[PDB]
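Scroll down for the structure; my scribbles are underneath it.
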Ligand SMILES: CCCCCCCC/C=C\CCCCCCCC(=O)O[C@H](COC(=O)CCCCCCCCCCCCCCC)COP(=O)(O)O
Ligand SMILES: [Cl-]
Ligand code: NI
Ligand code: NI
């Protein structure tokens with residue numbers, strides 16, 4: 001199967017020069033020997049080979065110390081159904097460019113009930129296990145469905161009713177911790193973010209959070225008030241957008257859009273193409289031979 005994957009000659013050179021540096025210092029596990037993973041790290045440090053190597057070796061040590069390589073089999077997150085009741089979030093369909101759409105209903109987060117049913121450390125380990133599923137299953141499924149290389153998501157954060165007066169220091173610190181793990185270990189995986197239903201109460205929440213965010217991440221974020229539905233329908237087809245966000249989707253047979261995990265990673269023919277299929281990238285295939 002032929003997937004649209006344009007490589008720039010200048011990027012092909014830089015990534016191979018980075019790969020040769022990693023091999024010569026035994027910093028390249030075969031699991032991470034992928035043109036596109038290395039390209040994301042190089043982009044995160046503006047193709048500075050020395051800063052990217054330091055970022056890379058920090059990530060290798062992090063995967064070792066965290067237990068990231070074995071998290072699917074090791075981490076049984078038994079409180080998942082209770083957590084999801086007090087923090088509604090999920091992937092739901094694809095945007096018009098084939099990227100997965102990730103939604104969080106932050107207006108419906110119950111922080112007190114959430115700390116009754118999990119811990120911050122367990123929630124973060126669940127975040128890492130879901131990220132591993134996103135980069136190994138969900139993004140490659142989107143590559144197949146669109147016949148195009150995809151490795152980043154469109155995020156919608158619904159912040160209805162969220163105001164600065166109820167924006168707590170533990171809420172801030174979780175955002176910091178989640179972003180630190182994402183920026184260190186999953187770089188360049190956010191394409192864009194739409195923050196919707198922001199009230200006048202939200203202006204100081206966004207002010208204070210931007211002080212802690214990677215400034216490249218800030219440039220990918222759009223904060224919208226109550227009139228958001230047409231902006232989401234411009235970039236996401238109505239069939240892929242839940243009806244509560246202005247689309248047609250109800251996922252009624254699966255108990256609703258925030259629980260269905262709807263997307264091409266649920267299709268058995270696409271998942272067979274991942275397990276059976278030869279590499280999604282021609283440069284990896286040519287390095288192998
Ligand atoms: C009602 C209680 C507080 C509600 C939440 C506060 C409002 C948050 C406002 C702004 C957040 C802006 C963050 C921008 C950076 C996120 C970048 C990003 O890509 O992350 C995406 C998801 O977005 C986030 O990570 C957003 C941050 C999540 C955390 C939100 C805070 C939850 C608060 C719970 C409090 C628990 C502790 C309470 C103890 C009493 C996923 O990436 P991808 O699409 O690539 O898979
Ligand atoms: Cl589906
Ligand atoms: Ni749905
Ligand atoms: Ni490629």
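Any idea which residue in the range 219-234 is farthest from residue 101 (Cα to Cα), counting only those that are loosely packed, with under 15 Cβ neighbours inside 10 Å and within 14 Å of ligand 1 (Cβ to nearest atom)?
Of everything passing the filter in the range 219-234, 219 is farthest from residue 101 (Cα to Cα).
Answer yes or no: is there a residue in the range 213-221 that is touching a helix residue (DSSP H, G or I) at 6+ places or on another chain (Cβ under 6 Å) and more than 16 Å from ligand 2 (Cβ to nearest atom). Quick ask: steps written out before the conclusion?
Quick first cut of the range 213-221, residues touching a helix residue (DSSP H, G or I) at 6+ places or on another chain (Cβ under 6 Å) only: 214, 218.
When the remaining residues are screened for being more than 16 Å from ligand 2 (Cβ to nearest atom), the result is 214, 218.
For the range 213-221, residues touching a helix residue (DSSP H, G or I) at 6+ places or on another chain (Cβ under 6 Å) and more than 16 Å from ligand 2 (Cβ to nearest atom): present.
Select, from 137, 175, 150, 144, the only residue that is surrounded by fewer than 18 Cβ atoms within 10 Å (Cβ to Cβ) and more than 18 Å from residue 68 (Cβ to Cβ).
None of the others qualify; the one that does is 175.
Suppose we filter the range 235-281 for residues that are within 16 Å of ligand 1 (Cβ to nearest atom) and assigned to a loop (DSSP other than H, G, I, E, B); how many remain?
5
Would you confirm whether or not the range 211-218 contains a residue that is closer than 29 Å to residue 187 by Cβ, away from ligand 4 (no atom under 16 Å from the Cβ) and touching a residue at least 40 places away in the same chain (Cβ under 8 Å)?
yes
Condition check ((1) under 19 Å from residue 148 (Cβ atoms); (2) away from ligand 2 (no atom under 16 Å from the Cβ)) across all residues:
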| residue | (1), (2) |
| --- | --- |
| 233 | no, yes |
| 245 | no, yes |
| 257 | no, no |
| 260 | no, no |
| 263 | yes, no |
| 274 | yes, no |
| 282 | yes, yes |
| 288 | no, yes |
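Anything in the range 22-37 that is surrounded by 15 or more Cβ atoms within 10 Å (Cβ to Cβ) and over 18 Å from residue 68 (Cα atoms)? List them, or say none.
22, 35, 36
Please determine, by comparing only the residues of the range 254-277 that are free of Cβ contacts under 8 Å to residues at least 24 places away in the same chain and within 10 Å of ligand 3 (Cβ to nearest atom), which one is surrounded by the fewest Cβ atoms within 10 Å (Cβ to Cβ).
Once the filter is applied, the top-ranked residue is 254.
Taking helices (runs of 4 or more DSSP H) that do not extend beyond the range 122-234, which have at least 3 residues that are within 27 Å of residue 265 (Cα to Cα) and touching a strand residue (DSSP E or B) at 6+ places or on another chain (Cβ under 9 Å)?
139-146
Restricting the search to the range 132-163, which residues are under 16 Å from residue 84 (Cα atoms) and under 15 Å from the mean Cα position of the chain (by Cα)?
Of everything in the range 132-163, just one residue is under 16 Å from residue 84 (Cα atoms) and under 15 Å from the mean Cα position of the chain (by Cα), namely 157.
Every read-out reported here was derived from the displayed coordinates using simple, explicitly stated rules and does not represent laboratory data. When we count neighbours, we look across all protein chains shown, and the Cβ atoms used for this are built from the backbone with ideal geometry, even at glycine.
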